[PDB]
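Everything below concerns the one structure shown next.
Starting from 1, each residue takes its place in the sequence as its number.
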Amino acid sequence: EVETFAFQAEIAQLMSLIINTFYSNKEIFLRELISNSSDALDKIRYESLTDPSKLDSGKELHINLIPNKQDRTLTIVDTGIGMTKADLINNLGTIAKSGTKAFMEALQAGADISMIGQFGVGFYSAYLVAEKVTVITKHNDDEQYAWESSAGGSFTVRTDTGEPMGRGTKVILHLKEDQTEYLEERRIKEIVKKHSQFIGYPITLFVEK
Ligand SMILES: Oc1ccc(Oc2ccccc2)cc1
(Lines give C-alpha, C1' and ligand atoms only; values in the text may rest on other atoms or scores of the structure.)
Protein backbone atom coordinates (compact mmCIF):
# COMPACT_ATOMS: atom_id res chain seq x y z
CA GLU A 1 0.00 0.00 0.00
CA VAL A 2 1.82 3.06 -1.36
CA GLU A 3 0.63 6.60 -0.62
CA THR A 4 1.54 9.41 -3.02
CA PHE A 5 1.68 13.02 -1.79
CA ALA A 6 2.25 16.37 -3.45
CA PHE A 7 5.07 18.53 -2.16
CA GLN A 8 3.97 21.89 -0.86
CA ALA A 9 4.49 24.43 -3.63
CA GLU A 10 7.35 26.12 -1.79
CA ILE A 11 9.21 22.81 -1.35
CA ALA A 12 8.71 21.88 -5.00
CA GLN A 13 10.20 25.27 -5.88
CA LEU A 14 13.18 24.63 -3.59
CA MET A 15 13.89 21.25 -5.18
CA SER A 16 13.59 22.62 -8.71
CA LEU A 17 16.04 25.40 -7.82
CA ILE A 18 18.49 22.86 -6.40
CA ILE A 19 18.17 20.67 -9.50
CA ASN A 20 18.24 23.41 -12.14
CA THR A 21 20.65 26.07 -10.81
CA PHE A 22 24.18 25.88 -12.18
CA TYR A 23 26.31 25.39 -9.07
CA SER A 24 29.56 23.43 -9.14
CA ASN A 25 30.16 22.97 -5.39
CA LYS A 26 27.91 19.90 -5.12
CA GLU A 27 30.00 18.11 -2.48
CA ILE A 28 28.27 20.03 0.32
CA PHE A 29 25.34 17.58 0.15
CA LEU A 30 27.36 15.14 2.25
CA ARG A 31 28.16 17.72 4.93
CA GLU A 32 24.46 18.56 5.11
CA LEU A 33 23.29 14.95 5.47
CA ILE A 34 25.98 14.14 8.04
CA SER A 35 24.95 17.24 10.00
CA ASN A 36 21.32 16.07 9.90
CA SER A 37 22.43 12.67 11.18
CA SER A 38 24.41 14.30 14.00
CA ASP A 39 21.33 16.36 14.94
CA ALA A 40 19.24 13.16 15.06
CA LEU A 41 21.84 11.41 17.20
CA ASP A 42 21.92 14.40 19.57
CA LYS A 43 18.15 14.08 20.00
CA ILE A 44 18.08 10.41 21.01
CA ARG A 45 21.09 10.95 23.28
CA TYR A 46 19.30 13.78 25.08
CA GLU A 47 16.15 11.68 25.53
CA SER A 48 18.22 8.78 26.87
CA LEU A 49 19.67 10.99 29.62
CA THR A 50 16.38 10.80 31.54
CA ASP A 51 14.99 7.54 30.08
CA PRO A 52 17.65 4.89 29.37
CA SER A 53 15.02 2.59 27.83
CA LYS A 54 14.97 4.91 24.80
CA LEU A 55 18.15 3.05 23.75
CA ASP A 56 16.54 -0.41 23.99
CA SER A 57 16.32 -0.17 20.17
CA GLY A 58 20.10 0.20 19.93
CA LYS A 59 22.80 1.62 22.20
CA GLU A 60 25.35 2.53 19.52
CA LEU A 61 25.27 6.13 18.24
CA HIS A 62 27.08 6.30 14.91
CA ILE A 63 27.05 7.27 11.23
CA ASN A 64 27.92 4.88 8.39
CA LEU A 65 28.68 5.87 4.79
CA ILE A 66 28.05 2.98 2.40
CA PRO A 67 28.93 3.41 -1.29
CA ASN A 68 27.72 0.76 -3.73
CA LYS A 69 29.08 1.09 -7.27
CA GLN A 70 26.94 -1.73 -8.68
CA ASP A 71 23.71 -0.04 -7.54
CA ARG A 72 25.19 3.46 -8.03
CA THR A 73 23.99 4.40 -4.55
CA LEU A 74 25.53 6.24 -1.62
CA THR A 75 23.80 5.43 1.66
CA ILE A 76 24.12 7.52 4.84
CA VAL A 77 22.99 5.50 7.88
CA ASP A 78 22.57 6.88 11.38
CA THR A 79 21.18 5.43 14.59
CA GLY A 80 19.54 8.69 15.68
CA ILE A 81 16.03 9.33 16.88
CA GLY A 82 14.45 8.51 13.49
CA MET A 83 11.19 9.90 12.20
CA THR A 84 7.55 8.94 12.56
CA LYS A 85 5.28 8.67 9.53
CA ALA A 86 3.89 12.09 10.40
CA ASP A 87 7.43 13.49 10.47
CA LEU A 88 8.18 12.04 7.03
CA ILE A 89 5.08 13.58 5.48
CA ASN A 90 5.77 16.90 7.23
CA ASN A 91 8.91 17.48 5.12
CA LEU A 92 11.10 14.96 6.96
CA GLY A 93 10.82 16.73 10.30
CA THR A 94 11.77 20.18 8.99
CA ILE A 95 10.06 23.55 8.98
CA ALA A 96 10.67 23.52 5.25
CA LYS A 97 8.07 26.14 4.24
CA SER A 98 9.50 28.92 6.41
CA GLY A 99 13.04 27.64 5.88
CA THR A 100 12.68 27.81 2.10
CA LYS A 101 11.28 31.35 2.40
CA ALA A 102 14.31 32.49 4.40
CA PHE A 103 16.76 30.62 2.14
CA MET A 104 15.48 32.03 -1.16
CA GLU A 105 15.50 35.55 0.28
CA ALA A 106 19.15 35.06 1.23
CA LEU A 107 20.00 33.79 -2.26
CA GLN A 108 18.88 37.01 -3.94
CA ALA A 109 20.65 38.85 -1.09
CA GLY A 110 24.12 37.42 -1.82
CA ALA A 111 24.05 33.92 -0.34
CA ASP A 112 24.81 30.74 -2.29
CA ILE A 113 23.45 27.20 -2.21
CA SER A 114 26.18 26.03 0.19
CA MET A 115 24.42 27.95 3.00
CA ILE A 116 21.24 25.83 2.69
CA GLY A 117 21.86 24.14 6.05
CA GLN A 118 21.55 27.44 7.92
CA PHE A 119 17.85 27.46 6.93
CA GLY A 120 16.92 23.99 8.14
CA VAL A 121 16.36 22.44 4.69
CA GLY A 122 19.79 20.92 4.10
CA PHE A 123 18.24 17.51 3.37
CA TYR A 124 17.12 18.69 -0.06
CA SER A 125 20.73 19.32 -1.10
CA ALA A 126 20.69 15.56 -1.77
CA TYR A 127 19.21 16.47 -5.16
CA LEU A 128 22.48 18.15 -6.14
CA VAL A 129 23.83 14.65 -6.79
CA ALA A 130 20.86 12.23 -6.72
CA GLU A 131 18.13 11.62 -9.27
CA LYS A 132 16.13 9.75 -6.62
CA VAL A 133 16.32 9.70 -2.82
CA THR A 134 14.94 6.92 -0.60
CA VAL A 135 14.67 7.49 3.16
CA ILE A 136 14.16 4.46 5.43
CA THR A 137 13.40 5.41 9.02
CA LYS A 138 12.40 3.90 12.36
CA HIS A 139 11.34 5.97 15.38
CA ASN A 140 10.74 4.39 18.79
CA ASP A 141 7.10 5.54 18.66
CA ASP A 142 6.24 4.27 15.16
CA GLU A 143 6.81 1.52 12.60
CA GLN A 144 9.49 1.41 9.91
CA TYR A 145 8.64 3.54 6.88
CA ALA A 146 10.12 4.26 3.45
CA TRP A 147 9.90 7.73 1.88
CA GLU A 148 10.89 8.21 -1.75
CA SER A 149 11.01 11.00 -4.31
CA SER A 150 12.49 11.64 -7.74
CA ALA A 151 11.35 15.29 -7.38
CA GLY A 152 8.81 16.23 -10.07
CA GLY A 153 6.42 17.45 -7.39
CA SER A 154 5.52 14.26 -5.50
CA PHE A 155 6.80 11.77 -2.95
CA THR A 156 5.64 8.38 -1.73
CA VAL A 157 5.39 6.83 1.72
CA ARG A 158 4.96 3.13 2.41
CA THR A 159 5.51 0.68 5.22
CA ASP A 160 9.00 -0.75 4.79
CA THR A 161 9.21 -4.53 4.51
CA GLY A 162 13.00 -4.52 4.10
CA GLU A 163 15.77 -5.14 6.63
CA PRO A 164 14.66 -4.06 10.13
CA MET A 165 16.61 -1.02 11.32
CA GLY A 166 16.06 -0.95 15.07
CA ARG A 167 16.14 2.85 15.24
CA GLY A 168 17.42 5.64 13.05
CA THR A 169 17.42 6.85 9.47
CA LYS A 170 18.92 5.59 6.21
CA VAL A 171 19.25 8.05 3.32
CA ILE A 172 19.81 6.22 0.02
CA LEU A 173 21.11 8.50 -2.75
CA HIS A 174 20.51 7.10 -6.24
CA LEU A 175 23.27 9.10 -7.88
CA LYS A 176 23.10 10.88 -11.21
CA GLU A 177 25.18 9.19 -13.90
CA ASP A 178 27.78 11.99 -13.91
CA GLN A 179 28.07 12.19 -10.10
CA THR A 180 29.71 8.81 -9.45
CA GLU A 181 32.83 10.46 -7.99
CA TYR A 182 30.93 10.39 -4.67
CA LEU A 183 31.23 6.60 -4.65
CA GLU A 184 35.04 6.74 -4.64
CA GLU A 185 36.72 6.13 -1.28
CA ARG A 186 39.30 8.90 -1.61
CA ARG A 187 36.66 11.45 -2.66
CA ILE A 188 34.36 10.65 0.26
CA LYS A 189 37.30 10.70 2.69
CA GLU A 190 38.35 14.12 1.38
CA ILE A 191 34.86 15.57 1.82
CA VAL A 192 34.42 14.18 5.34
CA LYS A 193 37.80 15.56 6.42
CA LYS A 194 37.07 18.96 4.83
CA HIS A 195 33.54 19.55 6.11
CA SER A 196 32.74 17.08 8.93
CA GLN A 197 35.96 16.84 10.94
CA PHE A 198 34.31 17.89 14.23
CA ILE A 199 31.16 15.73 14.12
CA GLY A 200 30.90 14.13 17.55
CA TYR A 201 29.97 10.61 16.42
CA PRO A 202 32.02 7.91 14.67
CA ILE A 203 31.73 8.16 10.88
CA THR A 204 32.66 4.84 9.27
CA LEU A 205 33.29 4.78 5.53
CA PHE A 206 32.56 1.26 4.30
CA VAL A 207 34.75 -0.22 1.58
CA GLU A 208 33.63 -2.38 -1.35
CA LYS A 209 34.69 -5.77 -2.71
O1 LIG B 1 19.07 13.68 6.37
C2 LIG B 1 18.43 13.25 7.49
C3 LIG B 1 19.10 12.50 8.44
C4 LIG B 1 18.46 12.06 9.58
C5 LIG B 1 17.13 12.38 9.77
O6 LIG B 1 16.48 11.95 10.92
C7 LIG B 1 16.15 12.89 11.89
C8 LIG B 1 15.13 12.61 12.77
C9 LIG B 1 14.81 13.55 13.73
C10 LIG B 1 15.49 14.73 13.81
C11 LIG B 1 16.50 15.00 12.93
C12 LIG B 1 16.84 14.08 11.95
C13 LIG B 1 16.44 13.14 8.83
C14 LIG B 1 17.10 13.57 7.69
Got a sec, which hydrophobics cluster with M165, joining ILVMFWY side chains under 4.5 Å apart, including via others? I136, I172
With sequence neighbours left out, the residues meeting side-chain contact (heavy atoms from CB on, under 4.5 Å) with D56 are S53, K59
Are the side chain of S48 and the backbone of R45 linked by a donor-acceptor contact shorter than 3.5 Å? yes
Treating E47 as the side-chain partner and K54 as the backbone partner, does any N or O pair qualify as donor plus acceptor under 3.5 Å? no
Quick one: do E190 and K194 make a salt bridge, cutoff under 4.0 Å? no
Roughly how far apart are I203 CD1 and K193 NZ, rounded to 0.5 Å? 14.0 Å
Counting distance only, does the side-chain N/O of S38 pair as donor-acceptor with the main-chain N or O of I34 below 3.5 Å? no
Candidate list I191, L128, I188, test side chain to side chain contact (heavy atoms under 4.5 Å, CB included), partner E27, passing option: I191
Test log, rule side chain to side chain contact (heavy atoms under 4.5 Å, CB included), inputs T204 and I63: CA-CA 6 Å; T204 300; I63 303 171; over 6 Å; no
For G80, does its backbone N or O pair with a side-chain atom of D78 as donor and acceptor, under 3.5 Å? yes
Quick one: does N20's side chain have a donor or acceptor within less than 3.5 Å of a partner on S16's backbone? yes
Checking the side chain of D142 only, and the main-chain atoms of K85 only, is there a donor and an acceptor separated by less than 3.5 Å? yes
Check this for me: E3, atom CD, are more than 12 non-hydrogen atoms of other residues, nucleotides or ligands nearer than 6.0 Å? yes
Looking at every non-hydrogen atom in both residues, tell me the closest pair between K189 and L205 and how far apart they are. CG-CD2, 3.9 Å
What's the spacing between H174 NE2 and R72 CZ if we round to 0.5 Å? 11.0 Å
Heavy-atom closest contact (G122 atom, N36 atom, distance): C-ND2, 4.3 Å
Say whether, by atom type as modelled, one donor and one acceptor occur between the side chain of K69 and the main chain of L183 under 3.5 angstrom. yes
Indicate the atoms forming the closest heavy-atom contact of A106 with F119, along with that distance. CB-CZ, 3.5 Å
Are the side chain of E10 and the backbone of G99 linked by a donor-acceptor contact shorter than 3.5 Å? no
Show your working on side chain to side chain contact (heavy atoms under 4.5 Å, CB included) between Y182 and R187 and close with a plain yes or no. CA-CA 6 Å; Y182 300 110; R187 183 67 170 121; 3.4 Å; yes
Can you tell me how far CD1 of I199 sits from CG of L41, rounded to the nearest 0.5 angstrom? 9.5 Å
Between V77 and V171, is there a shared hydrophobic cluster once you connect ILVMFWY residues whose side-chain heavy atoms come closer than 4.5 Å? no
Under the side-chain contact (heavy atoms from CB on, under 4.5 Å) test, which residues partner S57, sequence neighbours left out? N140, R167
To the nearest 0.5 Å, what is the distance between CG on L92 and OH on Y124? 5.0 Å
Using atom types as modelled and distance alone, determine if a side-chain donor or acceptor of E105 lies under 3.5 Å from a backbone N or O of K101. no
Greater than 12 external heavy atoms within 6.0 Å of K97's NZ: no
When rounded to the nearest 0.5 Å, the distance separating CD of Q8 from CG of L14 is 11.5 Å
For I76 and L65, which heavy atoms make the closest approach, and how far apart are they? CG1-CD2, 3.8 Å
Hydrogens and angles aside, do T169 and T137 bring a side-chain donor and acceptor to less than 3.5 Å of each other? yes
Could you grab the distance from atom CD of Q13 to atom CE of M15, nearest 0.5 Å is fine? 13.0 Å
Of all heavy-atom pairs linking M83 and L88, the shortest is CE-CD2, 3.8 Å
Looking only at heavy atoms, which two atoms of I28 and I113 are closest? And how far apart? CD1-O, 4.3 Å
With a sphere of 6.0 Å drawn around CD of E208, does it hold more than 12 non-hydrogen atoms of other residues, nucleotides or ligands? yes
Between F5 and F155, what is the ring plane arrangement, given parallel below 30°, perpendicular above 60°, and tilted in between? parallel
Evaluate the criterion side chain to side chain contact (heavy atoms under 4.5 Å, CB included) for residue pair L107 and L17; output intermediate values, then yes/no. CA-CA 11 Å; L107 285 176; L17 176 150; 4.0 Å; yes
Transitive ILVMFWY side-chain link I18 to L30, under 4.5 Å: yes
Count I, L, V, M, F, W, Y as connected when their side-chain heavy atoms are under 4.5 Å apart, and connections chain through other members. Are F206 and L74 then in the same cluster? no
Hydrophobic clusters here meaning ILVMFWY residues chained together by side-chain heavy-atom distances under 4.5 Å, can you tell me if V192 and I66 are in one? no
Side-chain contact test, heavy atoms from C-beta onward, threshold under 4.5 Å: evaluate it for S114 versus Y23 and give yes or no. yes
For the pair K26 and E181, find out whether any cationic side-chain nitrogen is under 4.0 Å from an anionic carboxylate oxygen. no
Between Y145 (side chain) and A86 (backbone), is there a donor-acceptor pair under 3.5 Å? no
For atom CD of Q108, is the number of surrounding heavy atoms from other residues, nucleotides or ligands below 6.0 Å larger than 12? no
